[PDB]
Amino acid sequence: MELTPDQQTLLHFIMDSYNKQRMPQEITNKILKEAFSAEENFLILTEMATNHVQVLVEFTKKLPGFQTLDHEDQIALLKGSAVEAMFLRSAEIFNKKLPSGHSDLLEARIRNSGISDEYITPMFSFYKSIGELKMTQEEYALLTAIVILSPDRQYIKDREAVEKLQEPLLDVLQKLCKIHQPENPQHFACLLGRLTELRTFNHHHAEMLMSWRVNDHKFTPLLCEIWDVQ
Amino acid sequence: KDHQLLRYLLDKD
Ligand SMILES: O=C(Nc1ccccc1F)[C@H](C1CCCCC1)n1c(-c2ccc(Cl)cc2)nc2cc(F)c(F)cc21
């Protein structure tokens, strides 16, 4: 039922590594402060995404057993999860409670950032689906670790080694779901199901960025490695 | 090489 001492240790360790990311308030304060042009917002996105990948690699390296995996499998897991982790972190930030009217202005500002309408609808639909789960910071952190340690990624040579690292995180998350929402026994399955919806952002991420309403789509060398661009 | 910067960030420290 309850978390074991080893599970508690693992949870706080994951939380500590997860909290090293750029603060949600920092991000929403900039978007809410003033409106930017589609060109300015595109540059804000590439800098945000570059910093996100850098911190994501540091978070990934701290996941227990990650460093014992095959080097080519390590690359495949990072490359296979970076885009999903960015959208999951964006969903977390979007769902943080703000003063009255602020989330509406934040949504409207993102909606007019330069991204095409056809990508707007699936994006905000995912954010609001995530918002309905009323996830805790611990649930976001564990779900991010579970996304990264997905044994089903393309080019993974040793799936069983990845499974062994993901399974204890799924067990911890399942216990947290039973504790945070005892009235909702579907909560864990819901959380896992939203991970399937998360995977849809991979197929169209390159088009989402290339169709941004700007004349030049400049990306950093690191983003070029992780995103299918340039 | 493919994913040269990622391989670097993974193998450093
Ligand atoms: O910076 C961003 N996301 C982000 C990236 C890495 C780590 C953390 C992040 F929040 C962008 C900005 C960029 C500047 C224009 C407005 C949107 N962003 C997205 C987003 C993500 C990816 C695409 Cl292709 C299109 C939009 N969804 C957001 C929801 C939010 F609540 C939020 F605060 C910012 C959000």
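Sequence lines set the chain letters: A, B, ... in the order given, protein chains first and strands last, and positions in each chain run from 1.
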Nearest 0.5 Å please: distance from the [atom1] atom of [X] over to the [atom2] atom of [Y].
X	Y	atom1	atom2	result
A/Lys62	A/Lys20	NZ	NZ	6.5 Å
A/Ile130	A/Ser90	CD1	OG	11.5 Å
A/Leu63	A/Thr144	CG	OG1	10.0 Å
A/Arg22	A/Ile93	CZ	CD1	10.0 Å

Using every non-hydrogen atom in the two residues, find where [X] and [Y] come nearest and quote the distance to one decimal.
X	Y	result
A/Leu133	A/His187	O-NE2, 3.1 Å
A/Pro122	A/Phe201	O-CZ, 3.6 Å
A/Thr46	A/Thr50	O-OG1, 2.7 Å
A/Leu10	A/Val172	CD2-CG2, 4.3 Å
A/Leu78	A/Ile226	O-CD1, 4.1 Å

I'd like to know if the side chain of [X] and the backbone of [Y] have a donor-acceptor N/O pair within less than 3.5 Å.
X	Y	value
A/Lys175	A/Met1	no
A/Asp73	A/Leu69	no
A/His180	A/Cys177	no
A/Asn51	A/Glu47	no
A/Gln7	A/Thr4	yes
A/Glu139	A/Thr136	yes
A/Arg109	A/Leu32	yes
A/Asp228	A/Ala206	no
A/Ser211	A/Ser116	no
A/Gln21	A/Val55	no

Same apolar cluster (I L V M F W Y, side chains within < 4.5 Å links), [X]/[Y]:
X	Y	answer
A/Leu45	A/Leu43	no
A/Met210	A/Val214	yes
A/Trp227	A/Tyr155	no
A/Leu195	A/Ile156	yes
A/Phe66	A/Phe13	no

Within-4.5 Å side-chain heavy-atom neighbours: [X] and [Y]:
X	Y	answer
A/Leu3	A/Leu176	yes
A/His71	B/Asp11	yes
A/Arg89	A/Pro24	yes
A/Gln174	A/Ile179	no
A/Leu169	A/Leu143	no

Legend entry - Partner residues of A/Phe124 under the ring-ring contact (aromatic ring centres under 6.0 Å, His included) criterion, sequence neighbours left out: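 Only A/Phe94, A/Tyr127 meet the ring-ring contact (aromatic ring centres under 6.0 Å, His included) criterion with A/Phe124.
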Check the surroundings of atom [atom1] in [X]: do more than 12 heavy atoms from other residues, nucleotides or ligands lie under 6.0 Å from it?
X	atom1	value
A/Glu2	CD	no
A/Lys178	NZ	no
A/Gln54	CD	yes
B/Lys12	NZ	yes

Inset, instruction - Can you label the angle between the A/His217 ring and the A/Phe42 ring as parallel, tilted or perpendicular, going by 30° and 60°? - result: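 Plane angle over 60°, so perpendicular.
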Inset, instruction - Determine the interplanar angle of the A/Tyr119 and A/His204 rings, folded into 0 to 90°, and report it as parallel if under 30°, tilted if 30 to 60°, perpendicular if over 60°. - result: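 Rings of A/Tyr119 and A/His204: tilted, as their planes differ by 30° to 60°.
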Legend entry - Qualifying residues under salt bridge (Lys or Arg N to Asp or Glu O under 4.0 Å), relative to A/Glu72, sequence neighbours excluded: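 Applying salt bridge (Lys or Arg N to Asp or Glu O under 4.0 Å) to A/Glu72 gives B/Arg7.
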Legend entry - Distance-only polar pair, side chains of A/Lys61 and A/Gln67, donor-acceptor under 3.5 Å: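 Looking only at side-chain atoms, A/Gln67 and A/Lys61 do not form any donor-acceptor pair under 3.5 Å.
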Legend entry - Step-by-step side chain to side chain contact (heavy atoms under 4.5 Å, CB included) determination, A/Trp212 to A/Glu39: CA-CA 9 Å; A/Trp212 203 280; A/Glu39 292 70 26; over 6 Å; no
Inset, instruction - Carefully, step by step, assess A/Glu197 and A/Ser125 under the rule side chain to side chain contact (heavy atoms under 4.5 Å, CB included). - result: CA-CA 10 Å; A/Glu197 192 183 5; A/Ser125 164; 4.0 Å; yes
Inset, instruction - Run the numbers on A/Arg159 and A/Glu163 for salt bridge (charged side-chain N to carboxylate O under 4.0 Å, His left out), then give the verdict. - result: CA-CA 6 Å; A/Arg159 285 179 150 81; A/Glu163 270 163 16; over 6 Å; no
Inset, instruction - Start with the C-alpha distance between A/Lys164 and A/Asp158, add both sets of side-chain angles, then the distance that settles salt bridge (charged side-chain N to carboxylate O under 4.0 Å, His left out), and finish with yes or no. - result: CA-CA 11 Å; A/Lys164 289 170 227 290; A/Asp158 193 343; over 6 Å; no
Inset, instruction - Before accepting this row, confirm whether a basic side-chain N of the pair A/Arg153/A/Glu84 lies closer than 4.0 Å to the acidic partner's carboxylate O. - result: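 A salt bridge is present here (some side-chain N lies under 4.0 Å from a carboxylate O).
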Legend entry - salt_bridge(A/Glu132, A/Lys128) N-O dist < 4.0 Å: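 No, no charged N to carboxylate O under 4.0 Å.
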Inset, instruction - Applying side chain to side chain contact (heavy atoms under 4.5 Å, CB included), run through A/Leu170 and A/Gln166 and close with a yes or a no. - result: CA-CA 6 Å; A/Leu170 283 159; A/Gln166 195 197 40; 3.7 Å; yes
Legend entry - Ring-ring centroid check A/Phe59 A/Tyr18, cutoff 6.0 Å: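 Yes, close enough.
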